[PDB]
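Trainee: Just passing along the structure, written as structure tokens.
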Amino acid sequence: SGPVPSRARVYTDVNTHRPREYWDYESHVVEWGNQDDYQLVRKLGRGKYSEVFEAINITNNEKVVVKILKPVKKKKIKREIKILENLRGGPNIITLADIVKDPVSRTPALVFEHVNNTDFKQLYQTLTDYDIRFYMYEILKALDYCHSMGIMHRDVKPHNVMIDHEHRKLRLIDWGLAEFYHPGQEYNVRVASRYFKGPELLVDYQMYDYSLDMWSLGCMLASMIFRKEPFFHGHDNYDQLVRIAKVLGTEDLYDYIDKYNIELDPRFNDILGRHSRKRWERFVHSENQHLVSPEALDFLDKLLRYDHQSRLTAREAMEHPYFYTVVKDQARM
Ligand SMILES: CC(C)n1c2c(c3c1-c1c(Br)c(Br)c(Br)c(Br)c1C3=O)C(=O)CCC2
């Protein structure tokens, strides 16, 4: 009788307990700023849905960053703006300063407070063991905060983390795919980038939750501690799950599919075949030796679980021994 329903283990009713205006972004009326307050200085980069510029607010002569959006539905613009406004001030969350429209073309643009143009993906393959732990913990702070505010990021990956390494500061960016979690709601499976998609997306299970982000985080952790970019290198959507199964084994995949009564495609079953689980230790080499510890492998094993309900929450992750010294060093700084 169709897929079994699912609920988030933590922060389940966070949005129910808030006023409707908190999460009803379609009803929200956007109050647009003045684009004439901002002059673009130079280009910083670009994405599938935006172009990113360094800019100056000439009313206060403050440096800012402007993300000019490509054409998308008004609903999605309103969603991203509401989410960013709701998370403003959160630990390690980018800070929206303004929203403007071009006077002529009416093209919308988001204005953020400035941070260092250093992408985590440019640094995370050369980190010390302790730096991997430290920056993982800072990402977790962002994820626990946004989940506690009822929001799933849904595009966690190295490219969406910015690092100011001199100040050991970190920001989670690119909230264009983020959504509010509501229990019982079915969500689009066309989220996250292929190498970071959780099994729930790859089997088209729509009643997912914050734990999607925890899978993506595990994929980042594995890539860093084994120096394999990406760790699960699928060449199409079905191959992404084949590659996962060649590591986690097919037994726990079929148990997951049965648990939620997921109806897989007949010959997707044949494609998956049968694969034994590999021990995590099998991906360690002489080069990454100093980055792999018992606690790292236990932590990774507890993030990369097929059953989304079995993965560590962000707070459970932050209390894992892998961060023990990290936590003690955060109390003295
Ligand atoms: C990697 C860089 C070019 N970049 C990208 C994005 C964003 C940035 C970026 C930078 Br740099 C800075 Br500084 C700030 Br502040 C902010 Br906000 C952003 C931001 O949102 C995307 O959203 C997707 C495409 C790549």
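Note on naming: chains are A, B, ... as they come in the structure tokens, residues start from 1 per chain, ligands start from 1 in the order shown.
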I need the residues of stretch 42-236 of chain A that end up classed as alpha helix (DSSP H) by DSSP on the backbone, written out as a PyMOL selection string.
Mentor: chain A and resi 74-87+129-148+199-202+211-226
Trainee: Would you mind listing the residues within 6 Å of ligand 1, counting only C-alpha atoms and all ligand atoms, as a VMD selection string?
Mentor: chain A and resid 44 to 47 52 65 94 112 to 117 119 173 to 174
Trainee: Go ahead and dump the residues you just picked, N, CA, C and O atoms, as an mmCIF file, in the first residue's frame.
Mentor:
```
data_model
loop_
_atom_site.group_PDB
_atom_site.id
_atom_site.type_symbol
_atom_site.label_atom_id
_atom_site.label_comp_id
_atom_site.auth_asym_id
_atom_site.auth_seq_id
_atom_site.Cartn_x
_atom_site.Cartn_y
_atom_site.Cartn_z
ATOM 1 N N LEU A 44 33.432 37.431 -8.689
ATOM 2 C CA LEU A 44 33.978 36.431 -7.783
ATOM 3 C C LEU A 44 33.764 35.001 -8.264
ATOM 4 O O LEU A 44 34.601 34.142 -7.987
ATOM 5 N N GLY A 45 32.687 34.733 -8.993
ATOM 6 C CA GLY A 45 32.442 33.403 -9.517
ATOM 7 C C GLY A 45 31.026 33.297 -10.046
ATOM 8 O O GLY A 45 30.331 34.300 -10.207
ATOM 9 N N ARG A 46 30.607 32.064 -10.319
ATOM 10 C CA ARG A 46 29.276 31.880 -10.877
ATOM 11 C C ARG A 46 28.810 30.455 -10.624
ATOM 12 O O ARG A 46 29.614 29.550 -10.385
ATOM 13 N N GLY A 47 27.493 30.274 -10.690
ATOM 14 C CA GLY A 47 26.882 28.976 -10.478
ATOM 15 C C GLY A 47 25.825 28.689 -11.520
ATOM 16 O O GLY A 47 25.673 29.452 -12.478
ATOM 17 N N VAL A 52 28.212 35.924 -9.176
ATOM 18 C CA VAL A 52 28.569 36.435 -7.853
ATOM 19 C C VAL A 52 29.619 37.529 -8.017
ATOM 20 O O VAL A 52 30.627 37.328 -8.708
ATOM 21 N N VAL A 65 28.698 41.445 -0.969
ATOM 22 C CA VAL A 65 28.707 40.506 -2.082
ATOM 23 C C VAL A 65 27.310 40.458 -2.676
ATOM 24 O O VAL A 65 26.316 40.424 -1.949
ATOM 25 N N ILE A 94 25.636 32.317 6.179
ATOM 26 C CA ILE A 94 25.827 33.561 5.449
ATOM 27 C C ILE A 94 24.726 34.557 5.826
ATOM 28 O O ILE A 94 23.614 34.170 6.206
ATOM 29 N N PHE A 112 24.710 40.184 0.303
ATOM 30 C CA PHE A 112 25.187 39.524 1.512
ATOM 31 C C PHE A 112 26.339 40.317 2.111
ATOM 32 O O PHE A 112 27.038 41.052 1.415
ATOM 33 N N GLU A 113 26.584 40.096 3.400
ATOM 34 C CA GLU A 113 27.774 40.662 4.020
ATOM 35 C C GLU A 113 29.023 39.930 3.528
ATOM 36 O O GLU A 113 28.983 38.739 3.207
ATOM 37 N N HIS A 114 30.134 40.668 3.444
ATOM 38 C CA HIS A 114 31.332 40.152 2.784
ATOM 39 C C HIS A 114 32.031 39.090 3.627
ATOM 40 O O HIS A 114 32.132 39.211 4.851
ATOM 41 N N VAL A 115 32.513 38.037 2.959
ATOM 42 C CA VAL A 115 33.439 37.072 3.547
ATOM 43 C C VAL A 115 34.519 36.757 2.513
ATOM 44 O O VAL A 115 34.402 37.101 1.336
ATOM 45 N N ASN A 116 35.588 36.107 2.977
ATOM 46 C CA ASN A 116 36.748 35.824 2.133
ATOM 47 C C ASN A 116 36.394 34.869 0.993
ATOM 48 O O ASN A 116 35.788 33.814 1.211
ATOM 49 N N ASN A 117 36.789 35.241 -0.229
ATOM 50 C CA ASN A 117 36.544 34.430 -1.425
ATOM 51 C C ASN A 117 37.511 33.238 -1.482
ATOM 52 O O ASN A 117 38.364 33.121 -2.364
ATOM 53 N N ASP A 119 37.130 29.086 -1.295
ATOM 54 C CA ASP A 119 36.183 27.992 -1.324
ATOM 55 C C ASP A 119 36.777 26.782 -0.617
ATOM 56 O O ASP A 119 37.954 26.460 -0.806
ATOM 57 N N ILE A 173 26.883 28.368 2.478
ATOM 58 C CA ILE A 173 26.302 29.278 1.490
ATOM 59 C C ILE A 173 25.373 28.511 0.558
ATOM 60 O O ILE A 173 25.263 27.287 0.663
ATOM 61 N N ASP A 174 24.718 29.235 -0.369
ATOM 62 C CA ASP A 174 23.886 28.695 -1.448
ATOM 63 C C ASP A 174 22.644 27.991 -0.919
ATOM 64 O O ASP A 174 22.545 26.763 -0.917
#
```
Trainee: Can you pull out the residues contacting stretch 304-308 of chain A? Cut-off 6 Å, using only C-alpha atoms, and skip same-chain residues under 5 positions away; I want them as a short mmCIF file (atom, residue, chain, number, x, y, z; two decimals) with N, CA, C and O atoms, in the first residue's frame.
Mentor:
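File written: selection22.cif
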```
data_model
loop_
_atom_site.label_atom_id
_atom_site.label_comp_id
_atom_site.auth_asym_id
_atom_site.auth_seq_id
_atom_site.Cartn_x
_atom_site.Cartn_y
_atom_site.Cartn_z
N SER A 211 17.87 14.75 7.79
CA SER A 211 18.92 13.74 7.74
C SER A 211 19.52 13.59 6.35
O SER A 211 20.62 13.02 6.22
N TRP A 215 23.75 12.77 5.35
CA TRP A 215 24.40 11.93 4.35
C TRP A 215 25.40 12.75 3.56
O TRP A 215 26.55 12.33 3.37
N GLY A 218 28.51 13.20 5.39
CA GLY A 218 29.34 12.00 5.41
C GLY A 218 30.15 11.85 4.13
O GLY A 218 31.32 11.47 4.16
N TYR A 256 16.47 -1.44 3.76
CA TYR A 256 15.94 -0.07 3.71
C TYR A 256 14.74 0.03 2.78
O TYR A 256 13.70 0.60 3.13
#
```
Trainee: What are the nearest atom pairs, with distances in Å to one decimal, for all residues of stretch 44-151 of chain A that come at most 9 Å from stretch 1-17 of chain A, using only C-alpha atoms, set out by chain and rising residue number as a tab-separated table?
Mentor:
```
residue	atom	partner	partner_atom	distance
A:147	CA	A:11	CA	6.8
A:148	CA	A:11	CA	5.7
A:149	CA	A:14	CA	6.7
A:150	CA	A:14	CA	5.5
A:151	CA	A:15	CA	8.9
```
Trainee: Which is closest to residue A:120 among A:35, A:95, A:269, A:160, if we use only C-alpha atoms?
Mentor: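 Comparing A:35, A:95, A:269, A:160 against residue A:120, the winner is A:160.
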